[PDB]
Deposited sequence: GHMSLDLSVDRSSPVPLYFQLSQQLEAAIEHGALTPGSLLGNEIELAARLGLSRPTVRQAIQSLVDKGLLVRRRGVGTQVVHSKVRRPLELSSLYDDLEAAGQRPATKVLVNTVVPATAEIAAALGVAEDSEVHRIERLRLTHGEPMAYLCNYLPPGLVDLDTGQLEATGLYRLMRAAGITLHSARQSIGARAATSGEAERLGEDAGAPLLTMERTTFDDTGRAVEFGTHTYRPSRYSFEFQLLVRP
């Protein structure tokens, strides 16, 4: 079996409620146009922008107060509200940035970005969080160790 070990400042840009598109509904297992929470954060290191984090949560899970979010990570907050985080599904990829995300991060439109999409589930196998993220490749990379564990 394969065990894993993974090898900044946060500013909230969006804290809203929104109807689920098909992609979001699919990820979270809710109905299209049902309401979900949309959060957007910029993460900076040494005052420079590192990553752009968009997250979607299903209704009635957590109190999403902007501010709490600038203090601690989203997972810590969720556990704090007594959500159990049991697994996550992840895909890591790369894209040319469109004008929007290129601006938010301080980069030219078309410049390569590191992307990742994640869905997080609880004890009962329900999606609890869906994230769609971009990272400045000159500023960030996914670092981990894989271990064969008896």
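Gaps in the model relative to the deposited sequence occur at 1-67, 75-104, listed in sequence order.
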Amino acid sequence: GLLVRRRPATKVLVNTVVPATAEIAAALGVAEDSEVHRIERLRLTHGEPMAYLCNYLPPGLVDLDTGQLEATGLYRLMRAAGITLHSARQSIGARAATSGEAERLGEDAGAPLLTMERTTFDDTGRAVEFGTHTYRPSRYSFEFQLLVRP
From here on, numbers count along this sequence of modelled residues.
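With 99-107 and 84-92 compared on mean CA B-factor from the PDB entry, the stretch scoring higher is 99-107. With 28-36 and 42-50 compared on mean CA B-factor from the PDB entry, the stretch scoring higher is 42-50. The top Cα temperature factor in the record, among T124, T66, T120, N55, falls on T66. Among all modelled residues in this chain, the alpha-carbon of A9 has a temperature factor (C-alpha) in the highest third.
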